[PDB]
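Remarks on the structure that follows.
Excluded from the calculations below are hydrogen atoms, water molecules and symmetry mates; all remaining heavy atoms, backbone and side chain alike, are included. Lettering follows sequence order; numbering is per chain, from 1.
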Amino acid sequence: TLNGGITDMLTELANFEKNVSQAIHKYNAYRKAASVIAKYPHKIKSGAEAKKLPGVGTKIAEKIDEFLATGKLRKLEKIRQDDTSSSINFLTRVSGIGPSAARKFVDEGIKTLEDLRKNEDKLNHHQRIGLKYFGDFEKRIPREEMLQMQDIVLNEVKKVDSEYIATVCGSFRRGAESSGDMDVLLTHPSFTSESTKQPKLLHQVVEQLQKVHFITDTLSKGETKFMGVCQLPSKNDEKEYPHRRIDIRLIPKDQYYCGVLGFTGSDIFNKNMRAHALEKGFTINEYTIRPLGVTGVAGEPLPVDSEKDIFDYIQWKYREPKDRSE
DNA sequence: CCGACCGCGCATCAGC
DNA sequence: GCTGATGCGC
DNA sequence: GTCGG
Ligand SMILES: Nc1nc2c(ncn2[C@@H]2O[C@H](COP(=O)(O)OP(=O)(O)OP(=O)(O)O)[C@@H](O)[C@H]2O)c(=O)[nH]1
Ligand SMILES: [Cl-]
Ligand SMILES: [Mn+2]
Ligand SMILES: [Mn+2]
Ligand SMILES: [Mn+2]
Ligand SMILES: [Mn+2]
Ligand SMILES: [Mn+2]
Ligand code: NA
Ligand code: NA
Ligand code: NA
């Protein structure tokens, strides 16, 4: 919170560039600046000071000066009063309505929550579910509920087959006291980088979590990635818990460490690490780290027996999950 | 200045 | 049906 | 929008 005013402004700018301008590198540039400012341990007193940080350049330095002086940014005040940008920014908050869809909907006169409900027939399945749970998906998840959810998932998985290992990653693994959603990494010894000896490995887990009325809806589902909705069960006479977003990802068991690194994040932390891995002659995905050739083509996967091994290849001192919240 | 910016699974669409 | 591009949410 | 080269 030391610089919460600045990082909020930059985040609002990033969202503007993503949703309205459809300018993805400006989006990430603003996100990058906001992340580096967010870990800087002094109350920023000027844009000159801010600009010393990697990722804060001249333009962001200017806007920091304006904000530090007036407590506002004219550019944002203008954006806020623009009805089209306003409507687009709102509509994108629905899961499945991206910048493209949102602009299309506004053009057709669909620009409020009321309009969206009136026109359910024009939403695809993902968007229909995002709208259905729009309000619930706004709420955060106390870690205590995350712990309850972990228990249901880990226990229900164990019931399908004792050799499933399910790990909760995401902000939960980084030690967050509240989470936007739940992210689950799934492995099973019959699914390795060398063979898939068992079919329906993910489907069986989804059906099981559905049978016990944990998973209530499905956003998308393939042979290795599920995205949907779940809900803790409520006690006798208790108000119902909010519906929550859940993702489950099945990974080859011999590639667990790149996977848990990849699904622990943060998203910015991954971008930073992967970018630095390129600079040191490697490419990292959620499956492998591979060396780059003189041309650029990736080599064969390098051996990995721990998260730290990946850090070692790229000349990075190890960082605990709790220190990867960028 | 200029070129690169992490890397991927699923849903949907256009084309053959 | 298959292949590739695009949107989307990560 | 920023930064290495
Ligand atoms: N490589 C990469 N990984 C991502 C990206 N976005 C999300 N992830 C991974 O997916 C994990 C879960 O994503 P989210 O649920 O949106 O993020 P989160 O850190 O869990 O935050 P909350 O759920 O809102 O508390 C992240 O921690 C990352 O490990 C991305 O843009 N690139
Ligand atoms: Cl851009
Ligand atoms: Mn999450
Ligand atoms: Mn998630
Ligand atoms: Mn039932
Ligand atoms: Mn609900
Ligand atoms: Mn580096
Ligand atoms: Na800088
Ligand atoms: Na959206
Ligand atoms: Na979220």
Counting side-chain heavy atoms from C-beta on, which of [options] comes nearest to [X]?
{"X": "A/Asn285", "options": "B/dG7, B/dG9, C/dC8", "result": "B/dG7"}
{"X": "A/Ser220", "options": "B/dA11, B/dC5, B/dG9", "result": "B/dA11"}
{"X": "A/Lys271", "options": "C/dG9, B/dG9, B/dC6", "result": "B/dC6"}
{"X": "A/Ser100", "options": "B/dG9, C/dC8, B/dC5", "result": "C/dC8"}
{"X": "A/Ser95", "options": "C/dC8, B/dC6, C/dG9", "result": "C/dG9"}

Between [N] atom [atom2] and [X] atom [atom1], what is the distance in whole Å?
{"X": "A/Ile268", "N": "B/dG7", "atom1": "CD1", "atom2": "P", "result": "14 Å"}
{"X": "A/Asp247", "N": "C/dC8", "atom1": "CG", "atom2": "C1'", "result": "12 Å"}
{"X": "A/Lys221", "N": "B/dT12", "atom1": "NZ", "atom2": "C1'", "result": "18 Å"}
{"X": "A/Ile284", "N": "B/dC8", "atom1": "CD1", "atom2": "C1'", "result": "15 Å"}
{"X": "A/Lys225", "N": "B/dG7", "atom1": "NZ", "atom2": "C1'", "result": "11 Å"}
{"X": "A/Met273", "N": "B/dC6", "atom1": "CE", "atom2": "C1'", "result": "12 Å"}
{"X": "A/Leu91", "N": "C/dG7", "atom1": "CG", "atom2": "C1'", "result": "16 Å"}
{"X": "A/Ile129", "N": "B/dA11", "atom1": "CD1", "atom2": "P", "result": "13 Å"}

Across the strands shown, which category fits [X] at heavy-atom distances under 4.0 angstrom: base, sugar-phosphate, nothing?
{"X": "A/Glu286", "answer": "sugar-phosphate"}
{"X": "A/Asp267", "answer": "nothing"}
{"X": "A/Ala101", "answer": "sugar-phosphate"}
{"X": "A/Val94", "answer": "sugar-phosphate"}

Residues of residues 38-55 of chain A with a heavy atom under 4.0 Å from any atom of DNA chain D, listed by number, are A/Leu53, A/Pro54, A/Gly55
In terms of side-chain geometry, is the basic nitrogen of A/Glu66 or A/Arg74 positioned less than 4.0 Å from the acidic oxygen of its partner? yes
Quick test of the criterion, 5.5 Å between centres and less than 30° between planes. Is A/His25 stacked on B/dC5 or not? yes
Which two nucleotides bound the region of DNA chain D that has atoms under 4.0 Å from heavy atoms of chain A, read 5' to 3'? D/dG1 to D/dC3
Would you say that [X] contacts [Y] through its side chain, given a criterion of any heavy-atom pair below 4.5 Å between the two side chains?
{"X": "A/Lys221", "Y": "A/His203", "answer": "yes"}
{"X": "A/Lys225", "Y": "A/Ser220", "answer": "no"}
{"X": "A/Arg324", "Y": "A/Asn270", "answer": "no"}

Looking at A/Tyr30, does any N or O in its side chain come under 4.0 Å of the phosphate oxygens OP1/OP2 on B/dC5? no
Phosphate OP1/OP2 of B/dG7: any A/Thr283 side-chain N/O under 4.0 Å: yes
For side-chain contact (heavy atoms from CB on, under 4.5 Å), just list the numbers for A/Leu201 and A/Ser190, CA-CA rounded to whole Å, side-chain angles, deciding distance to a tenth of an Å, and then say yes or no. CA-CA 9 Å; A/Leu201 260 168; A/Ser190 95; 3.5 Å; yes
Using residues 100-109 of chain A as the side-chain source, report each donor-acceptor pair under 3.5 Å to any protein atom, sequence neighbours left out, with the distance given to one decimal.
from	atom 1	to	atom 2	distance (Å)
A/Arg103	NH2	A/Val20	O	3.0

Excluding A/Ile314, membership of its hydrophobic cluster (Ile, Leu, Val, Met, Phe, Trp, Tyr; side-chain heavy atoms within less than 4.5 Å) reads A/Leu185, A/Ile251, A/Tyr256, A/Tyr257, A/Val260, A/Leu261, A/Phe263, A/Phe269, A/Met273, A/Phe282, A/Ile284, A/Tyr287, A/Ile289, A/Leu302, A/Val304, A/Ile310, A/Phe311, A/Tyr313, A/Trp316, A/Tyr318
Please enumerate all residues that pass salt bridge (charged side-chain N to carboxylate O under 4.0 Å, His left out) together with A/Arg173, with sequence neighbours excluded. A/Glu307
Worked check of side-chain hydrogen bond (donor to acceptor under 3.5 Å, both in side chains) between A/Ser306 and A/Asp309: CA-CA 5 Å; A/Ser306 64; A/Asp309 293 353; 3.0 Å; yes
Can you list every pair that meets salt bridge (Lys or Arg N to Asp or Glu O under 4.0 Å) and has a residue in residues 14-29 of chain A, with sequence neighbours left out? none
